[PDB]
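Trainee: If you read the protein sequences in the order shown, they are chains A, E, B, C and D.
Residues 10 to 134, 183 to 661, 666 to 676, 690 to 1462 in the deposited numbering are what the first sequence spells out, letter by letter.
Residues in the second sequence are numbered consecutively from 128, following the deposited numbering.
Residues in the third sequence are numbered consecutively from 130, following the deposited numbering.
Residues in the fourth sequence are numbered consecutively from 128, following the deposited numbering.
Residues 128 to 158, 170 to 201 in the deposited numbering are what the fifth sequence spells out, letter by letter.
Ideal placement from N, C-alpha and C gives every residue a C-beta, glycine not left out.
This is the structure I want to talk about, given as structure tokens.
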Amino acid sequence: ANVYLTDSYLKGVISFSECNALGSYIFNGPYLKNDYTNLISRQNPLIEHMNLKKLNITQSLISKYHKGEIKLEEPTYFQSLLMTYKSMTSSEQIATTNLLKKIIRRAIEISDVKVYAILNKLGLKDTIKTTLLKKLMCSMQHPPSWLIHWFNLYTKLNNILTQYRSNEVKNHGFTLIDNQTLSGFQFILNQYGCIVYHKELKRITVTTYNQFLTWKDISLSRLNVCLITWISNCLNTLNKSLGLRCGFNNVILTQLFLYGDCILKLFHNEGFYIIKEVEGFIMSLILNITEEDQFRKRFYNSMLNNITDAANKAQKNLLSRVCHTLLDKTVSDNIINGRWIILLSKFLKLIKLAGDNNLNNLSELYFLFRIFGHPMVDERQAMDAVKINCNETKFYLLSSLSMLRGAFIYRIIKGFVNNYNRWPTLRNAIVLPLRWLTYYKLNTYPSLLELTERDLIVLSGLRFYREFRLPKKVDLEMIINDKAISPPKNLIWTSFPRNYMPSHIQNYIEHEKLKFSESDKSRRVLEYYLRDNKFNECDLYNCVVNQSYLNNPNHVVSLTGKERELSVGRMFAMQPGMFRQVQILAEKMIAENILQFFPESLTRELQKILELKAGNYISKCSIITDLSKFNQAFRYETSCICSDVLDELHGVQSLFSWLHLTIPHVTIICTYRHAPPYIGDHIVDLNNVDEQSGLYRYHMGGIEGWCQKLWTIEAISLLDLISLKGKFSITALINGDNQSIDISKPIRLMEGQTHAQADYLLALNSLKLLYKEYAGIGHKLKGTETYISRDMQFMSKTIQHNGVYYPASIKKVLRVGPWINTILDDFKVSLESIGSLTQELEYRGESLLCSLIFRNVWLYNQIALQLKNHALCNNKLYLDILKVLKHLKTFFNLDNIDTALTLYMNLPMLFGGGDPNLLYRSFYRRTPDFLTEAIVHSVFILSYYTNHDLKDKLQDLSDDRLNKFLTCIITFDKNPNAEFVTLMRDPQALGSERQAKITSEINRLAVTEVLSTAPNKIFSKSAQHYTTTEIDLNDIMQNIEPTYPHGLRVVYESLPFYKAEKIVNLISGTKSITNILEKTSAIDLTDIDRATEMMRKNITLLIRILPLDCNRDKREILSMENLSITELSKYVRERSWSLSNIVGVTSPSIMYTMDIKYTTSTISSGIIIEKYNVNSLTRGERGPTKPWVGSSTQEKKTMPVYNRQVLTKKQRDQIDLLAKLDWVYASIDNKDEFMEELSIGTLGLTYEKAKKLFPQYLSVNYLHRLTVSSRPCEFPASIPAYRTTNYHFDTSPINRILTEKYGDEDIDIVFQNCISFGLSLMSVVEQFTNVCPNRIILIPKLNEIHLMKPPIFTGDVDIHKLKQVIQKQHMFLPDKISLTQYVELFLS
Amino acid sequence: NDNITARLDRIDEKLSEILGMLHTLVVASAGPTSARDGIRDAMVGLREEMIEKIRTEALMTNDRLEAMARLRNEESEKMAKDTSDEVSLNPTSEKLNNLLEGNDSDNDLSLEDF
Amino acid sequence: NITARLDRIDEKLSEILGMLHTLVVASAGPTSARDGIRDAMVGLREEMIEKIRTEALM
Amino acid sequence: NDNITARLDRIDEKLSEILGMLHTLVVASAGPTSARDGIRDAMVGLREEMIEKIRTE
Amino acid sequence: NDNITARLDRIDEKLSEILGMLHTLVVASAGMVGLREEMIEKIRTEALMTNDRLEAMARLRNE
RNA sequence: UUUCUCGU
């Protein structure tokens, strides 16, 4: 049948409603709050709740509670109890200590291979070979009691969770009873509930599976923090610069976690109001350290006010809620006594002690925001707050509205001028005065300093024609998403359980279901679009132009609790399919057309953003304000006045104004499986349902997510008006919910004043003005949201000043465990996710060994100690891993399976290994090709077991382990299949079963078959012809002699199969395939065993890649004398694909081909790199040089002179793709007919007509300046932006040598990776030697250098197959350029 | 031709007073009607007239004093407190600051309490 | 002097145009969309004109 | 001269547009659910006459 | 020179009636057939001008 | 167990 797999991480919402309902049904009384939820749960319970209560142990527990032996308590109370376990015994403590010691020792053993490779490649200076790791292991012998406690708690909770998940996989409706795993505790954990009972303390509760996952994640996060801090301290003990930037004794951290749990327990669920201020408090200490006298005290006092007001509000809400409920006898006396002041003061003082007046410590303390857990969001309370905020009348001065609209108009005019060199076409040219008419005629614009309030008022009254165009064909990639939607107004009750609905409501639903189509009856986007049999391609366009969303009788907005959000409230909402289409279309057009007029929107890294942003007296300032609640302050009169500008520009009525035209008339209703509203009798529609705390009407406001870009651009216009009114410059960096301001205004400094006490006055005046105009425009932002600063910049929850970045690496790597970011408990995905998450430590905190050892700890845990407990298949992966270990031991001369496991862990993941991130990632992020990097990583790894200098290239050696490995990589049996289409899907693919298969390739088939039998004609035909189109697209270009994978990728992108396969790949990532249309959230056994066999084959890849007999049975092996790794990899790729010549993808590994020398000689011939800052520890200090972005070389193309705005984004992208096609395939025998029919099929133009539209390129080499989406565009260093500023680089000797040898020709190597590798290598040398080198030079190895001249293709693309593939996939082509659109491309 | 200038000074001054009326004109949002059940129009009227309407409960609004102050263009005490050069502390915050900046007298570094 | 004063009168009239147009735009609201007069208030647009044109030509 | 004539020859359309804005505001403001049907069927007649006029010529 | 004076008189009358319309507007909003017909005519002629502009590029295509 | 839930 179908199996239910439950996630091991919450990745969802802890729901107050379901917990209250379950507790109320179990204890026959109001459990959490006196709402209708408890009443309906006690009246007509759910089947799962009945099953949970009917258990004999549950009956005994409720009988004991009724007898008064035990008293009901709260999930927060038991969270505190679990955190302060205080129930360990000597036996389990010894076992946990031994397990942790073994884990640490094995991780250090695995790390030794990587470190030895790094060291002997760098030239610096039993089971462990390096003295550094020897000392590190000798120091990290006994983990401390706090570390052991956290590890033991996490291990016990994970054991309970994995046992429950395995049993749930085995059989459905399982409930796990475990009173033995945790001493003194008791768990009745199920998917629909988790009852925790403490026999010793006589306490009981009702919790949820999400709450249990949250507890486990809290334990895992504390374990991660403890491990990272312990490793950093042990590294810093032996080398100050080696470890992380922060320093903790971690007794303070453990006490801080305990005190946070105590605060939560004292304030019950409402304690997260207080907990929400930890990040702000850290920021307050940061400002105390950095800012001037006035700003620091202002923020400190204001936020003391904030914290105490939040605590008082939490206490009041707690007392109000707890009164008429079963928990009334639970409130601690210290809450009423007011003694919680002492506890909270202790918490803050210990937070400050953890900070230790150190900027790095405070900056990285931002993980406390996530350690303490997540609240159980109350839907009714947050919706009541939203109703109170939104359902109010806002009074505006007509002057203020005119100024805002005029500012938006001025932004539109400035953007149009700067982009298309002309004013937009506007109807009302007569309303302008003579001056503005002259500015219209002479197509320029005035500056802000030369513009006035009169000008803003005048510009308000303008009406434009069309400059932008609506896409006629709906964008399937835009609308298709795995997310969910809401049913219509008459079907909204289907989102509630049948038991919770009244009998007449159930009858109405059963009668109405037959009156609705199969599509809208669903609740998921995929099901809604697939079941839509009567789905016309031009449906969204027709709806938008007919305003069908306006006054729709079946429009209802449903809003559910946020996911993993500690912020109370923040209730995101859903909307039916058609209105969602309209909203997403409006957002897409805003982003792709108008957002180019507002560069401050920051649609994006932070650090670069900050770095281009960073990029008698002048007074500066800085204001940071929150905008999470802004969205609520925008009526029709303030948002649609600027939305009318976009409406006119697109020439469409009420497209961007749909919000405050249809949301007011719909009913805002709570929608959750355990939060139903009271209906009554004979009422079957929301418009007649009376409103209560669960639902309301007449929103008069915005919604989160929807129209965020519109409100962002309106805010930017508002700040431009602010700057005009205040006579100062603004450098806004608005992004998402956080807004950053940088006001600079020249002043005449009066006598006896420094730069201080004038920036403060500027800040106060600007804040008063800013407050005044937000009040006038509707927003009532308080002192809670905003604050002022002078030399500090805050955005995206990041800390920096003086150009030195302070990261949050520990927070980023907080949740790392066995199966993270995976679906169906995928092994390879978990490995990749662990690797990616652990890089962050060395990418942001500048610590190679800390990140590497943390990654090795968790990788070893997952491989050895967690594969045996896989949820789906019990032991198959572990058995296969054991087989691979024995195979590796037999292949090499490894003495022990322990060493075999170490080698497997260090072996690159490309050849079915166990190392997710290779060596190059530690020196430069992006690489041209992965095969060469994998090969060099494997060579360096094998250099541990085979003595190699790594400084003398690769002189042959007596040992034959590396020789055998390389020979076996070279020699294999070729089994090509669908080679060209596989290259077009992945230009770096190997094929012939010589690379790890990702889940998309396996799932593509099953996706095809499930899509073929779908009601939607478009998807049905696309899947029916999918195999034939696959064959045709594979053999379309089998005749070209020199195959170019990147040019093939360009062809594939240009052809309409790209969108269809994007949809297929998106569908392949869902939980269940062939069960999408079955109306069930249970994975099919077909999915289970297909994924299982794919996982087993991926695990058993090293065996096939490395046969024991190294294939050919002879003494002839790969001779290592004068061997080029680039040639090796190119030959491997060509042999694997059975292709005569593959060009353009083979690039040298810079790490291998660039040697390291710290002192010059008689010949330099190297990339000279020196540090400008003359000091030992350059880390944490900013230099005088521009940051090393490492962008690729700029291609040279000429923009054709035509009207850009009249062509849609997809049409322009396809035109650019065809221009790239002409650039790459200019030398084709069949080029004329190929491009002619390609243009006829795709666009509405011919080749001759479209040639003038094509931006003809000027670079003669398409192997060096091509811009394929499969090729990297930037080559940055591993170190962040600021650290790259401390060094200078020069490549003049390299230029001289490369011109002397094979000069005046392009080279395969990339110099951006060269510079990034040099900088990151200098940083790594500083880490490993406690001193940054004065000057470093990189001598290359010329045998890895190749001349990648542009080849002349010889062949004929099969026009018949190209016609067939376009005709079959005729439902995915972009908008054809009609004549009535093309004829205006050459006007003025 | 001073007669035409003298006779257009009148239209100039009445256009100026129309501009002043437009500047003093105020517009309200199209919020829900009284006792719900419908959508009220986005009514527009003279400034002081709608301060009188707000103070006479003609339109329900969460903000009365500060809305009135903003409409009449006067500095309100709430706005001054939000944009104060020095911000004070409520008694809870004063006690919190006293405990934070003072030496640990009780030294109640015990989880068994509270 | 007469030209400059006529120009300043033109600027005031431009301000009247702008303020009245802003009031027209802000005065539609959801109440006009519910009653189906927003299109009359703000004006017919090019997409609706194309819809009418293609309905005629069909 | 012609400058004053051109100036008033733009003032007349400026005032006409002010008139039109006042007309639409006053017909949309007054008449609670009374004239709304009038504007609705006026739009119906307008679209009918527009499509007929596009059919002609 | 009386043409300028007559133009000034008619624009004065138009502006005075404009002020009358603002006064009636604020009075009505606080607490029609010809006006409606005139604004239908205005929107109709605006739509006609826009449609003629669109037919300009239509004719340009048809060439 | 109105597809456990899973927005932009």
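Does any residue of chain C bring its CB to less than 7 angstroms from the CB of B:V153?
Mentor: Counting from one through the third sequence, the residue named residue 153 of chain B turns up at place 24. True, the Cβ-Cβ gap to chain C drops below 7 angstroms.
Trainee: When DSSP labels each residue in this structure, what does A:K256 get in the three-state scheme?
Mentor: Along the first sequence, one-based indexing puts residue 256 of chain A at 199. Coil at A:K256, not helix or strand.
Trainee: Chain B partners of E:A157, CB-CB under 7 angstroms?
Mentor: Along the second sequence, one-based indexing puts residue 157 of chain E at 30. Simply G158, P159, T160.
Trainee: Return the chain-ordered ranges of every beta strand (DSSP E) run that is complete within the segment 270-327 of chain A and spans a minimum of 3 residues.
Mentor: none
Trainee: Taking only runs of the beta strand (DSSP E) that begin and end inside the segment 750-783 of chain A, which ones reach a length of at least 3 residues, in chain order?
Mentor: 769-771
Trainee: Kindly list, in the order they appear in chain E, the residues whose Cβ is closer than 9 angstroms to that of B:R167.
Mentor: In the third sequence, residue 167 of chain B corresponds to position 38, counting from 1. Going along chain E, no residue has its Cβ under 9 angstroms from B:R167, so there is no contact; the nearest lies around 12 angstroms.
Trainee: Given 8 angstroms as the limit, is there contact between the segment 137-152 of chain E and the segment 1349-1364 of chain A, that is, 3 or more CB pairs closer than that?
Mentor: no
Trainee: Look at the alpha carbon of A:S1146 and the alpha carbon of A:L1159, and state the distance between them as a whole number of angstroms.
Mentor: Locating residue 1146 of chain A in the first sequence gives position 1072, where the first residue counts as 1. Locating residue 1159 of chain A in the first sequence gives position 1085, where the first residue counts as 1. Their backbone Cα atoms lie some 10 angstroms apart in a straight line.
Trainee: Run through the DSSP bridge pairs and tell me what A:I743 is partnered with.
Mentor: By one-based count along the first sequence, residue 743 of chain A stands at place 669. Partner(s): A:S615, A:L769.
Trainee: If we ignore side chains and look at the alpha-carbon of each, how far apart do E:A162 and A:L458 end up?
Mentor: In the second sequence, counting from the first residue as 1, residue 162 of chain E sits at position 35. In the first sequence, counting from the first residue as 1, residue 458 of chain A sits at position 401. The straight-line gap from Cα to Cα measures roughly 28 angstroms.
Trainee: Let me check understanding here. Comparing Cα to Cα, which of A:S543, A:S907, A:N363 lies closest to A:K333?
Mentor: Translated into the one-based positions of the first sequence, residue 333 of chain A becomes position 276. Ranking A:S543, A:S907, A:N363 by Cα distance to A:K333 puts A:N363 first.
Trainee: For the alpha helix (DSSP H) holding A:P1367, just list the boundary residues, first then last.
Mentor: For this step, residue 1367 of chain A is matched to residue 1293 along the first sequence. Where A:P1367 is concerned, the enclosing alpha helix (DSSP H) stretches over 1366-1374.
Trainee: Using only the alpha-carbon positions, how far apart do A:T262 and E:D235 sit?
Mentor: Within the first sequence, the letter at position 205 stands for residue 262 of chain A. Within the second sequence, the letter at position 108 stands for residue 235 of chain E. Distance between the alpha carbons of A:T262 and E:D235: 30 angstroms.
Trainee: If contact means a Cβ-Cβ distance below 7 angstroms, which residues of the segment 176-191 of chain D contact chain B?
Mentor: For the segment 176-191 of chain D, the set of positions with a beta-carbon nearer than 7 angstroms to some beta-carbon of chain B reads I181, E184, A185, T188, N189 in chain order.
Trainee: Pull up the distance between the alpha-carbon of A:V22 and that of A:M433, whole angstroms please.
Mentor: Translated into the one-based positions of the first sequence, residue 22 of chain A becomes position 13. Translated into the one-based positions of the first sequence, residue 433 of chain A becomes position 376. Counting only the Cα atoms, A:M433 lies some 8 angstroms from A:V22.
Trainee: Let me know the secondary structure DSSP gives A:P1002 once reduced to three states.
Mentor: As a working mapping, residue 1002 of chain A is identified with position 928 in the first sequence. Looking at A:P1002 - three-state DSSP - the assignment turns out to be coil, as it is neither helix nor strand.
Trainee: Could you tell me the distance, in whole angstroms, from the CA atom of A:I641 to the CA atom of A:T741?
Mentor: Mapped onto the first sequence, residue 641 of chain A falls at position 584. Mapped onto the first sequence, residue 741 of chain A falls at position 667. If you take the alpha carbons of A:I641 and A:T741, they lie about 21 angstroms apart.
Trainee: Anything in chain A within Cβ reach of B:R134, meaning under 7 angstroms, just list it in chain order.
Mentor: On the third sequence, residue 134 of chain B is found 5 positions in, with the first residue counted as 1. Correct list: empty, because the minimum Cβ distance to chain A is about 13 angstroms.
Trainee: At the level of alpha carbons, what is the spacing between A:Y565 and A:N603?
Mentor: Counted from its first residue, the first sequence places residue 565 of chain A at position 508. Counted from its first residue, the first sequence places residue 603 of chain A at position 546. C-alpha separation (whole angstroms): 31 angstroms.
Trainee: Taking the beta strand (DSSP E) that A:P820 falls in, what are its first and last residues?
Mentor: Along the first sequence, read from residue 1 onward, the residue named residue 820 of chain A stands at position 746. Taken as a continuous stretch (DSSP letters only), the beta strand (DSSP E) holding A:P820 covers 817-821.
Trainee: Which chain E residues are close to B:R163, counting only those with a beta carbon under 9 angstroms from its beta carbon?
Mentor: Stepping through the third sequence from its first residue, residue 163 of chain B is reached at position 34. In chain order: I166.
Trainee: Just how far apart, CA to CA, sit A:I392 and A:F324?
Mentor: The count along the first sequence starts at 1 and reaches residue 392 of chain A at position 335. The count along the first sequence starts at 1 and reaches residue 324 of chain A at position 267. Each residue's Cα considered, the two are about 7 angstroms apart.
Trainee: Hey, A:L239 and A:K259 are a contact pair by Cβ (cut 8 angstroms); roughly how many whole angstroms apart?
Mentor: Translated into positions along the first sequence, residue 239 of chain A becomes position 182. Translated into positions along the first sequence, residue 259 of chain A becomes position 202. Actually they do not touch by this definition, with Cβ atoms about 16 angstroms apart.
Trainee: Only counting the same chain, and skipping five residues up and downstream in sequence, which positions put a Cβ closer than 7 angstroms to that of A:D833?
Mentor: Translated into the one-based positions of the first sequence, residue 833 of chain A becomes position 759. Same-chain partners within the cutoff: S693, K694, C695, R864.
Trainee: Determine which residues of the segment 359-370 of chain A have a Cβ less than 8 angstroms from any Cβ of chain E, and write them out in chain order.
Mentor: Those would be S359, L361, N362, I364, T365, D366, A368, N369, in chain order.
Trainee: Would B:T160 and E:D164 be called neighbours here (beta carbons separated by less than 7 angstroms)?
Mentor: What you label residue 160 of chain B is simply residue 31 of the third sequence in a count that begins at 1. What you label residue 164 of chain E is simply residue 37 of the second sequence in a count that begins at 1. Contact flag unset, no.
Trainee: I'd like to know whether the C-beta atoms of A:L951 and A:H961 end up nearer to each other than 7 angstroms.
Mentor: For the purposes of this step, residue 951 of chain A is taken as the residue at position 877 of the first sequence. For the purposes of this step, residue 961 of chain A is taken as the residue at position 887 of the first sequence. In this structure, A:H961 does not lie closer than 7 angstroms to A:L951 by Cβ.
Trainee: Residue 178 of chain A touches chain B at which residues, Cβ-Cβ below 8 angstroms?
Mentor: Residue numbering in chain A jumps from 134 to 183; residue 178 of chain A, which lies between, is not modelled.
Trainee: Can you list the residues of chain E that B:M148 reaches, using a CB-CB cut of under 9 angstroms?
Mentor: Taking the third sequence and counting its residues from 1, one reaches residue 148 of chain B at position 19. Neighbours of B:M148 in chain E, taken as residues whose beta carbon is under 9 angstroms from its own, are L146, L149, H150, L152 in chain order.
Trainee: Measure the CB-CB distance between A:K186 and A:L1024 and report whether it falls below 7 angstroms.
Mentor: Stepping through the first sequence from its first residue, residue 186 of chain A is reached at position 129. Stepping through the first sequence from its first residue, residue 1024 of chain A is reached at position 950. No. Outside cutoff.
Trainee: When you compare each of A:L383, A:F338, A:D318, A:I715 to A:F465 by their alpha carbons, which one comes out closest?
Mentor: Within the first sequence, numbered from 1, the residue matching residue 465 of chain A stands at position 408. A:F465 has its Cα closest to that of A:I715, out of A:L383, A:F338, A:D318, A:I715.
Trainee: Which residue wins for smallest C-alpha separation from A:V122, given the options A:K191, A:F521, A:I1389, A:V282?
Mentor: Reading the first sequence from its first residue, position 113 is the one you call residue 122 of chain A. For A:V122, the closest of A:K191, A:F521, A:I1389, A:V282 by C-alpha to C-alpha distance is A:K191.
Trainee: Beta-carbon separation of A:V601 and A:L729 under 7 angstroms?
Mentor: One-based indexing of the first sequence puts residue 601 of chain A at position 544. One-based indexing of the first sequence puts residue 729 of chain A at position 655. In contact: A:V601 and A:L729 (Cβ atoms closer than 7 angstroms).
Trainee: How about A:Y211 and A:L280: are their beta carbons less than 7 angstroms apart?
Mentor: Within the first sequence, residue 211 of chain A is the residue found at index 154, counting from 1. Within the first sequence, residue 280 of chain A is the residue found at index 223, counting from 1. Going by C-beta atoms, A:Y211 is nearer than 7 angstroms to A:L280.
Trainee: Excluding the 5 residues flanking A:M194 on each side, which residues of the same chain have their C-beta closer than 7 angstroms to its C-beta?
Mentor: Here residue 194 of chain A corresponds to residue number 137 of the first sequence, with the count starting at 1. For A:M194, where only same-chain residues beyond five positions count, the Cβ hits under 7 angstroms are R114, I117, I185.
Trainee: Check the Cβ of D:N128 against every Cβ in chain E and list those closer than 9 angstroms, keeping chain order.
Mentor: Position 1 of the fifth sequence, counted from the start, is the residue given in the question as residue 128 of chain D. Ordered by position in chain E, the residues that pass the 9 angstroms Cβ test against D:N128 are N128, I131.
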